[PDB]
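Q:
Number of protein chains: 2
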Amino acid sequence: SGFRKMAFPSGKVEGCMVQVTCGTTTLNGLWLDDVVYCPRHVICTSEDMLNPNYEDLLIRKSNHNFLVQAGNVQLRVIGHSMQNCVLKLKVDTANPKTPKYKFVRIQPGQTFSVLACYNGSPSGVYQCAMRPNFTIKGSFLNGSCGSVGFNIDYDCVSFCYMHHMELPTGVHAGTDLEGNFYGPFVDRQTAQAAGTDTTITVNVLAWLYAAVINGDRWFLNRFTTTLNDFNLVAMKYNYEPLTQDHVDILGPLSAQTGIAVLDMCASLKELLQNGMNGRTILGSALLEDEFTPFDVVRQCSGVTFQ
Amino acid sequence: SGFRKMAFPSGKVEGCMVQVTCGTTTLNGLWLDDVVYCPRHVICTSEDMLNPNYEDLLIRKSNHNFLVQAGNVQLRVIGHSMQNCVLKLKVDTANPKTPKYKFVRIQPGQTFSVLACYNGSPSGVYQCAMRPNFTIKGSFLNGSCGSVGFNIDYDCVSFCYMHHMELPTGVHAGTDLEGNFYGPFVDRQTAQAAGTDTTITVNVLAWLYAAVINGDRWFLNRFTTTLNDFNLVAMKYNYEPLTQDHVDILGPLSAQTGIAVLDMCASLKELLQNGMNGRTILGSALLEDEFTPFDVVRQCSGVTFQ
Ligand SMILES: *[C@H](O)[C@H](C[C@@H]1CCNC1=O)NC(=O)[C@H](CC(=C)C)NC(=O)[C@@H](NC(=O)OCc1ccccc1)C(C)C
Ligand SMILES: *[C@H](O)[C@H](C[C@@H]1CCNC1=O)NC(=O)[C@H](CC(=C)C)NC(=O)[C@@H](NC(=O)OCc1ccccc1)C(C)C
Numbered sequence: 001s002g003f004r005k006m007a008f009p010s011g012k013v014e015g016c017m018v019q020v021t022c023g024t025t026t027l028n029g030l031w032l033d034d035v036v037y038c039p040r041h042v043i044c045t046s047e048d049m050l051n052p053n054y055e056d057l058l059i060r061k062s063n064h065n066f067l068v069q070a071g072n073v074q075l076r077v078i079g080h081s082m083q084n085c086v087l088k089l090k091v092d093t094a095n096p097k098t099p100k101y102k103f104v105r106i107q108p109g110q111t112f113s114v115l116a117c118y119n120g121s122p123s124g125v126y127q128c129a130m131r132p133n134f135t136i137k138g139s140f141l142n143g144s145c146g147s148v149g150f151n152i153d154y155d156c157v158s159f160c161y162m163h164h165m166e167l168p169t170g171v172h173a174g175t176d177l178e179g180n181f182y183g184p185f186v187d188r189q190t191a192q193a194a195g196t197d198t199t200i201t202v203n204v205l206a207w208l209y210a211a212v213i214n215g216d217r218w219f220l221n222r223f224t225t226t227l228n229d230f231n232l233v234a235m236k237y238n239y240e241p242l243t244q245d246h247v248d249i250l251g252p253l254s255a256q257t258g259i260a261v262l263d264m265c266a267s268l269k270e271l272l273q274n275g276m277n278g279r280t281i282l283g284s285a286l287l288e289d290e291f292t293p294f295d296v297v298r299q300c301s302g303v304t305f306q
Numbered sequence: 001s002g003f004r005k006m007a008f009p010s011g012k013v014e015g016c017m018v019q020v021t022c023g024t025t026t027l028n029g030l031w032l033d034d035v036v037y038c039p040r041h042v043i044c045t046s047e048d049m050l051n052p053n054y055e056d057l058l059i060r061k062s063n064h065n066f067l068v069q070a071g072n073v074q075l076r077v078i079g080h081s082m083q084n085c086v087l088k089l090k091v092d093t094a095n096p097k098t099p100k101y102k103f104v105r106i107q108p109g110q111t112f113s114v115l116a117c118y119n120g121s122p123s124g125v126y127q128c129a130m131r132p133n134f135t136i137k138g139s140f141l142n143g144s145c146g147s148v149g150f151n152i153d154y155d156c157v158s159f160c161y162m163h164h165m166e167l168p169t170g171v172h173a174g175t176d177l178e179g180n181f182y183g184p185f186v187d188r189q190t191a192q193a194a195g196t197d198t199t200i201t202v203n204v205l206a207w208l209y210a211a212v213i214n215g216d217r218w219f220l221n222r223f224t225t226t227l228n229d230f231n232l233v234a235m236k237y238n239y240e241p242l243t244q245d246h247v248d249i250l251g252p253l254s255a256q257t258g259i260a261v262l263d264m265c266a267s268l269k270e271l272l273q274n275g276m277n278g279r280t281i282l283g284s285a286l287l288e289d290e291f292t293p294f295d296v297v298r299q300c301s302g303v304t305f306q
């Protein structure tokens, strides 16, 4: 037993990370087959950030401007193209460590692992969620751009995020691997606003089931509620609406623990209205919302990968 | 910015993980050079757990009893020996993915990354700390034994933990890689007791500095304290004593933020005596103690590895 915020093993992604340097900007790229993917703002100097024209900057670049570097070995760039907010650098060598992969776009409320990199070298791995406002609460310092987020499903890496920028509240914004931003953000350093966030209700319920599976039961009761009456409380506490689909998705956890979904909703209502009264749940004094129902099932049945 | 519980990239360890099956027990092993390391209780059936004699069981075993399996490839065991609570299986093939490594034993209060594995396949990676009572609060299901904990320092993997068992409070116990248990635990399934734990004071202070670096300042004050007066409060709240060595170790973080260590102690005193009053620090409503001063510096300066 136990419950931890657990990332996927990162080896498959480590073998794809390279360093991309152009001008005086250095950042990370993702090397799959004979293409290196990276944030297009690499073609920008410090005076460029404030109002850039990326098509302008890119026609003025040439292949030899891009210094791509895989560990020690130099990668010769033989072509370049822009796709939305990502740059695709064609190199003359296919990455022999290329995993089975897919480019997927995730939904707010879903989780993924981030491999934080600097100068093409991995620094650390952690888990997070795409927030309802399309930001992520990451840990990124300057030079981390081009680090990616991903999920793994047996042997296949589903890349879902590439890091581009930090917003004023210290949260982070980026694109899918087709270069399309998550949320209403642009890769310019003009004033931009994260937007009001909400708590991911279905994930909080999943985590309450994780707690019951692990022996925390003090928040349980036999009050029950209707879905409509629960959603009235959700709205008041800035939680998102729970749908019948969410209830269905929680079915297996409900079946495992013998606690009906609407009964767990009544527990969450009381926790919202009363607080935790100095107690903890899975070592937290807050209601945690960055574990999906899949994350709970995965961790409490021991699914593996390779 | 941001602050996450961040593990080391796990690729170097993934390439060492194998499956060890003997009798009807299956667990994980660590394949370095031509040796596979695994918990010696693999030589035990279910009736053996309750009072085993491992020297008895091991002389009755032979090499062909041990089924070692690296992904798909079969590893021929050519010798076996016991070292404390670990088994060393000599195989006829050296692991070509063997990293630079060391076997280190860590101190309570130190952190490491765990690569949780089942059937020799990595499932997830997470960070934790060795508790003052020599347990770890892990996430381990049945079949996870032989999973290892580690730190990485540039290219060198320092293995510090191998998983053996779960105690009744849902915490975990294991050995260093020389097979010596952390704490007063034995690999028998007789009743065993975790022992009263304490909070790792120096780590809490490190995390408060992480918070200031990241813009949480509401808990700061200009009350100050002496080391002796702080330790009187520590003892009352079941915190461990802060030493002058701990103060010295916090020096760089103190210098970076301009907050004297003893001033941060006065903040922690007020947090202990008053609570957090509905506020959070780095997204937690509890005082977090599983980040070392090194973990904070590493994450807030961006140190990498390969
Ligand atoms: C790429 O390595 C970095 C990563 C960034 C540095 C610190 N933490 C991070 O995640 N990305 C950038 O430097 C980008 C460049 C870009 C194309 C926008 N710039 C930023 O992240 C700045 N953010 C920003 O300009 O957001 C909009 C804004 C909001 C308020 C005032 C002005 C601009 C950030 C470094 C200030
Ligand atoms: C190896 O894969 C497992 C991992 C274990 C299973 C569930 N979570 C885990 O971490 N380890 C074991 O099965 C060991 C075997 C051993 C050599 C002791 N057994 C346990 O972990 C049991 N723990 C135990 O017996 O602790 C002492 C104790 C305490 C109270 C009453 C009886 C015994 C556990 C599965 C019950």
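Protein chains in written order, with the deposited numbering: chain A, 1 to 306; chain A', 1 to 306. A prime marks a further copy of an entry chain. Heads up, the beta-carbon is just placed ideally off N, CA and C, and yes, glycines get one too.
Would you say A'/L30 faces chain A, with C-beta separation under 8 Å as the test?
A: Position 30 of the second sequence holds residue 30 of chain A'. It does not: the Cβ of A'/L30 has no partner Cβ on chain A nearer than 8 Å.
Q: Which residues in chain A' sit within 8 Å of A/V125, going by Cβ to Cβ distance?
A: In the first sequence, residue 125 of chain A corresponds to position 125, counting from 1. Going along chain A' in sequence order, the residues near A/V125 (Cβ under 8 Å) are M6, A7, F8, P9, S10, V125.
Q: With 16 as the cutoff for other CB atoms within 10 Å, does A'/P122 come out buried or exposed?
A: Numbered from 1 along the second sequence, position 122 holds the residue referred to as residue 122 of chain A'. With 16 or more other Cβ atoms within 10 Å, it is buried.
Q: Run through chain A and tell me which residues come within less than 8 Å of A'/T304, C-beta to C-beta.
A: Sequence index remark: in the second sequence, residue 304 of chain A' carries index 304 (1-based). Residues of chain A passing the Cβ test: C117, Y118, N119, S121, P122, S123.
Q: When you measure from the CB of A/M162 to every non-hydrogen atom of ligand 2, does any distance come out below 7 Å?
A: Along the first sequence, one-based indexing puts residue 162 of chain A at 162. Incorrect: A/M162 has no Cβ contact closer than 7 Å to ligand 2.
Q: Determine contact between the region 131-140 of chain A and the region 167-187 of chain A, defined as no fewer than three beta-carbon pairs at a distance below 8 Å.
A: yes
Q: Would you mind sorting A'/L32 into buried or exposed? The rule is 16 or more other CB atoms within 10 Å of its CB.
A: Here residue 32 of chain A' is taken as the residue at index 32 of the second sequence, counted from 1. Label assigned to A'/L32: buried.
Q: Taking DSSP as the reference, what is the three-state secondary structure of A/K5?
A: Within the first sequence, numbered from 1, the residue matching residue 5 of chain A stands at position 5. A/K5: coil per DSSP, three-state reduction.
Q: List the residues of chain A' whose Cβ lies closer than 8 Å to the Cβ of A/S139, in chain order.
A: Translated into positions along the first sequence, residue 139 of chain A becomes position 139. Neighbours of A/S139 in chain A', taken as residues whose beta carbon is under 8 Å from its own, are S1, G2, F3, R4, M6, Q299 in chain order.
Q: Residues in the same chain with beta-carbon distance under 6 Å from A/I213, minus the five sequence neighbours each way, listed in chain order, please.
A: Locating residue 213 of chain A in the first sequence gives position 213, where the first residue counts as 1. Residues of the same chain with a CB within less than 6 Å of the CB of A/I213, apart from the 5 flanking positions on each side, are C300 in chain order.
Q: Go ahead and pull the three-state DSSP assignment for A'/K61.
A: Along the second sequence, one-based indexing puts residue 61 of chain A' at 61. If DSSP states are grouped into helix, strand and coil, A'/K61 belongs with coil.
Q: Please list, in chain order, the chain A residues whose beta carbon lies closer than 7 Å to that of A'/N214.
A: Numbered from 1 along the second sequence, position 214 holds the residue referred to as residue 214 of chain A'. Neighbours of A'/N214 on chain A, chain order: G170.
Q: Evaluate contact between the region 93-100 of chain A and the region 50-63 of chain A, counting only Cβ atoms and requiring at least three cross-stretch pairs below 8 Å.
A: no
Q: Name the chain A' residues that come within less than 9 Å of A/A211, Cβ to Cβ?
A: Indexing the first sequence from 1 puts residue 211 of chain A at position 211. Under the 9 Å cutoff, chain A' gives no residues; its nearest Cβ is about 11 Å from A/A211.
Q: Looking at chain A, which residues of the region 254-285 of chain A' have a Cβ within less than 8 Å of any of its Cβ atoms?
A: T280, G283, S284, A285
Q: According to DSSP, simplified to helix, strand and coil, what is A/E290?
A: Sequence index remark: in the first sequence, residue 290 of chain A carries index 290 (1-based). If DSSP states are grouped into helix, strand and coil, A/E290 belongs with coil.
Q: Check distances from the C-beta atoms of the region 46-73 of chain A' to those of chain A and list, in chain order, the residues that come in under 8 Å.
A: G71
Q: Looking at the secondary structure, which residues open and close the alpha helix (DSSP H) in which residue 320 of chain A lies?
A: Nothing can be reported for residue 320 of chain A, as the shown portion of chain A is limited to 1 through 306.
Q: Could you tell me whether the region 262-273 of chain A touches the region 87-97 of chain A', using the rule of 3 or more Cβ pairs below 8 Å?
A: no
Q: With contact counted as at least three CB pairs below 8 Å, one residue from each stretch, are the region 102-116 of chain A' and the region 289-299 of chain A' in contact?
A: yes
Q: With 16 as the cutoff for other CB atoms within 10 Å, does A'/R4 come out buried or exposed?
A: To locate residue 4 of chain A', count along the second sequence from 1; it is residue 4. In summary, A'/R4 is buried, with 16 or more beta-carbon neighbours lying within 10 Å of its beta-carbon over all protein chains present.
Q: Mind checking which residues open and close the beta strand (DSSP E) that includes A/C156?
A: Position 156 of the first sequence, counted from the start, is the residue given in the question as residue 156 of chain A. A/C156 -> beta strand (DSSP E) spans 156-166.
Q: With a threshold of 7 Å, establish whether the CB of A/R188 neighbours any heavy atom of ligand 1.
A: The residue given as residue 188 of chain A occupies position 188 in the first sequence. True, at least one ligand heavy atom lies under 7 Å from that Cβ.
Q: Spell out whether any CB of chain A' is found under 8 Å from the CB atom of A/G143.
A: Reading the first sequence from its first residue, position 143 is the one you call residue 143 of chain A. By this cut-off, A/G143 is an interface position.
Q: Output yes if chain A' places a C-beta closer than 8 Å to the C-beta of A/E178; else output no.
A: To locate residue 178 of chain A, count along the first sequence from 1; it is residue 178. False, the Cβ-Cβ gap to chain A' never drops below 8 Å.
Q: For the alpha helix (DSSP H) that contains A/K12, what are its first and last residues?
A: The residue given as residue 12 of chain A occupies position 12 in the first sequence. That run of the alpha helix (DSSP H) goes 11-14.
Q: Can you tell me which residues form a DSSP beta bridge with A/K100?
A: The sequence position of residue 100 of chain A within the first sequence is 100, counting from 1. DSSP, once it has assigned bridges, lists A/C156 as partnering A/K100.
Q: What residues in its chain sit with their C-beta under 6 Å from that of A/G179, if we drop five residues either side in the sequence?
A: Against the first sequence, residue 179 of chain A aligns to sequence position 179. So the qualifying residues of the chain are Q83, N84, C85, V86.
Q: For chain A', check one thing: does any of its Cβ atoms lie closer than 8 Å to the Cβ of A/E240?
A: Position 240 of the first sequence holds residue 240 of chain A. Chain A', which has no Cβ nearer than 8 Å to the Cβ of A/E240, makes this no.
Q: Could you check the C-alpha separation between residue 350 of chain A and A/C145 for me, to the nearest Å?
A: This structure gives no information on residue 350 of chain A, because the portion of chain A shown stretches from 1 to 306.
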